[PDB]
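Residue numbers (this note's numbering), protein chains in the order written: chain U, 3 to 341; chain D, 53 to 56. Every residue gets a Cβ at the ideal spot worked out from N, C-alpha and C, and that includes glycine.
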Amino acid sequence: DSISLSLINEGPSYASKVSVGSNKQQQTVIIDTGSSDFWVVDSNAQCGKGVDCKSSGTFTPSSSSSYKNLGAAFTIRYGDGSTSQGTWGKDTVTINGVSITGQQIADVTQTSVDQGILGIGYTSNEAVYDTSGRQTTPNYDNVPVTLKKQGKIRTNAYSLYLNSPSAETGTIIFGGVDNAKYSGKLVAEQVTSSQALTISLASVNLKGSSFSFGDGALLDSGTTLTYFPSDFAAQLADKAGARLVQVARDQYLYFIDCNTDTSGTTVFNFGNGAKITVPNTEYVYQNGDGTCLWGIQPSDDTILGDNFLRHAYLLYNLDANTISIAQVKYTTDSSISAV
Amino acid sequence: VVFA
């Protein structure tokens, strides 16, 4: 069976409404293929300095009759350095009316993130370790696994439709696919890590020139922009006219002139002949002050974030270890089938 | 942002 869930385009992130507890407390949480844990902002949390973290729903464990404490510490650090911490528990999770019982989640009492995060990646990427390198609580069934085990979906799989850059909403379908929302055929690509939702990216064609890559790229709904290894990003920046700026002690970001020509397209070539094309508007990110970030940035990690993913329809299949991709077709027409 |  399938569960369609609306994605709110928040700007940097895409979020959905998900209820927790016996009393179905609504949380608005980021849908994140790049992490694997579902955590919620406790109503008694302390937000980090400068962070409005209690405006997107909060969770009061003491008002849920079904909340169970697991007696284990939770800590996570994300790629941008933000963190959350709390403790592990289990409770009922409800997604567009469909409830799963005894779902392990983290009750977060301190965070520098604006809202909770629903991590839907592989169980092997759960944040269950401490800074010593020891595992402090075991790996567990995260939301997609539990949806399968409780009979709500047939297969641990979900389709991602972020929709166009201007769209207010997109859709994630757990256990289904909307065959109206792409052109060509969905091409299954093998996932290249047992822990991360990466597929092999063969090359990037930018301003008409090919740049060979040949390494995995994380298809991360929870990243705003696109990240490449420093050397490769610098080659692309030399072609694009982007400028590397030291913005803090150990952070560097590419900027680009806000009036840059964005008439062209950037092409991403994957396995089995698959290609995704991205309009170049996606690489000029307005800062609102007459400066613009480039949509590609340096990192040790390769990540194709939302500025890529808006242009693909993706069927992530965590049971098969494939991600099937096709050029998106923006349409309200819908032809949904279970997977 | 960059989500782990």
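Tell me, please, which residues DSSP counts as bridged to residue i.
| i | result |
| --- | --- |
| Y318 (chain U) | U:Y160 and U:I325 |
| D93 (chain U) | U:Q105 |
| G218 (chain U) | U:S202 |
| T77 (chain U) | U:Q87 |
| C49 (chain U) | U:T113 |
| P281 (chain U) | U:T267 |
| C294 (chain U) | U:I258 and U:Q288 |
| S18 (chain U) | U:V31 |
| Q248 (chain U) | U:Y254 |
| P167 (chain U) | None, per the DSSP bridge assignment. |
| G172 (chain U) | U:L9 |
| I305 (chain U) | U:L220 and U:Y229 |
| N71 (chain U) | U:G91 |
| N98 (chain U) | For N98 (chain U), which the question treats as bridged, DSSP gives no partner whatsoever. |
| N207 (chain U) | U:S212 and U:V269 |
| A340 (chain U) | U:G178 |
| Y184 (chain U) | U:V330 |
Does the distance from the CB of residue i to the CB of residue j come in under 8 Å?
| i | j | result |
| --- | --- | --- |
| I32 (chain U) | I122 (chain U) | no |
| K187 (chain U) | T333 (chain U) | no |
| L306 (chain U) | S161 (chain U) | no |
| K154 (chain U) | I338 (chain U) | no |
| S84 (chain U) | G23 (chain U) | no |
| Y318 (chain U) | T125 (chain U) | no |
| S196 (chain U) | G218 (chain U) | no |
| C260 (chain U) | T293 (chain U) | yes |
| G275 (chain U) | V206 (chain U) | no |
| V20 (chain U) | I97 (chain U) | yes |
| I298 (chain U) | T228 (chain U) | yes |
| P14 (chain U) | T226 (chain U) | yes |
| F270 (chain U) | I278 (chain U) | yes |
| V341 (chain U) | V145 (chain U) | no |
| residue 345 (chain U) | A17 (chain U) | Here chain U has residues from 3 to 341 only, and residue 345 (chain U) is not among them. |
| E128 (chain U) | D233 (chain U) | no |
| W41 (chain U) | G73 (chain U) | no |
| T267 (chain U) | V280 (chain U) | yes |
Report the option in the options whose CA atom is closest to the CA atom of residue i.
| i | options | result |
| --- | --- | --- |
| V95 (chain U) | U:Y254, U:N25, U:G273 and U:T133 | U:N25 |
| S336 (chain U) | U:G216, U:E191, U:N181 and U:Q329 | U:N181 |
| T133 (chain U) | U:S114, U:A75 and U:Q152 | U:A75 |
| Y256 (chain U) | U:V53, U:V247 and U:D291 | U:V247 |
| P140 (chain U) | U:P300, U:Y131 and U:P167 | U:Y131 |
| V193 (chain U) | U:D321, U:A108 and U:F310 | U:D321 |
| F230 (chain U) | U:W296, U:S168 and U:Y80 | U:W296 |
| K51 (chain U) | U:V145, U:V341, U:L120 and U:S114 | U:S114 |
| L120 (chain U) | U:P63, U:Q152, U:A204 and U:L7 | U:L7 |
| residue 2 (chain U) | U:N165, U:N127 and U:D240 | Lying outside 3 to 341, the shown extent of chain U, residue 2 (chain U) is not represented and no answer is given. |
| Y287 (chain U) | U:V330, U:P167 and U:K209 | U:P167 |
| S185 (chain U) | U:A314, U:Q137, U:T264 and U:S58 | U:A314 |
| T77 (chain U) | U:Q48, U:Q112, U:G243 and U:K70 | U:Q112 |
| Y254 (chain U) | U:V280, U:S301 and U:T264 | U:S301 |
| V100 (chain U) | U:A328, U:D3, U:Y80 and U:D143 | U:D3 |
| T138 (chain U) | U:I174, U:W90, U:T148 and U:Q48 | U:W90 |
| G216 (chain U) | U:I174, U:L208 and U:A204 | U:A204 |
| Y285 (chain U) | U:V147, U:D303, U:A244 and U:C49 | U:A244 |
| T304 (chain U) | U:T200, U:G290, U:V43 and U:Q329 | U:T200 |
Check the C-beta distance from residue i over to residue j and give it rounded, since I have them as a contact under 8 Å.
| i | j | result |
| --- | --- | --- |
| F213 (chain U) | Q237 (chain U) | 6 Å |
| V110 (chain U) | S86 (chain U) | 5 Å |
| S223 (chain U) | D308 (chain U) | 7 Å |
| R156 (chain U) | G177 (chain U) | 6 Å |
| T60 (chain U) | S37 (chain U) | Actually they do not touch by this definition, with Cβ atoms about 20 Å apart. |
| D93 (chain U) | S68 (chain U) | 5 Å |
| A169 (chain U) | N11 (chain U) | 6 Å |
| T62 (chain U) | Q28 (chain U) | Rounded, the Cβ-Cβ distance is 12 Å, inconsistent with contact. |
| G81 (chain U) | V54 (chain D) | 4 Å |
| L208 (chain U) | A242 (chain U) | 6 Å |
At a cut-off of 7 Å, is residue i close to the ligand SAM when judged by its beta-carbon and the heavy atoms of the ligand?
| i | result |
| --- | --- |
| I201 (chain U) | Of ligands this structure carries none, so the ligand SAM is not represented either. |
At least one CB of chain B closer than 8 Å to the CB of residue i: is that the case?
| i | result |
| --- | --- |
| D180 (chain U) | Any reference to chain B falls outside this structure, whose protein chains are U and D. |
**Asked** Can you list, in chain order, the residues of the segment 119-132 of chain U whose Cβ is nearer than 8 Å to any Cβ on chain D?
**Response** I119, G121, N127 and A129
**Request:** Could you list the residues in the segment 149-162 of chain U with a C-beta less than 9 Å from some C-beta on chain D, going in chain order?
**Result:** none
**Request:** Quick one: which residues of the segment 218-235 of chain U get their C-beta closer than 9 Å to a C-beta of chain D? List them in chain order.
**Result:** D222, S223, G224, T225, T226, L227 and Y229
**Message:** So if I threshold CB-CB distances at 9 Å, which residues from the segment 51-83 of chain U count as touching chain D?
**Reply:** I78, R79, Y80, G81, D82 and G83
**Item:** Interface positions of the segment 32-44 of chain U facing chain D (Cβ-Cβ less than 9 Å), listed along the chain
**Value:** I32, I33, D34, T35, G36, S37, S38 and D39
**Request:** Taking a Cβ distance cut-off of 8 Å, strictly less, list which residues of the segment 303-314 of chain U are near chain D, in chain order.
**Result:** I305 and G307
**Item:** Cβ-based contacts, 7 Å cut-off: residues of the segment 7-18 of chain U near chain D
**Value:** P14 and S15
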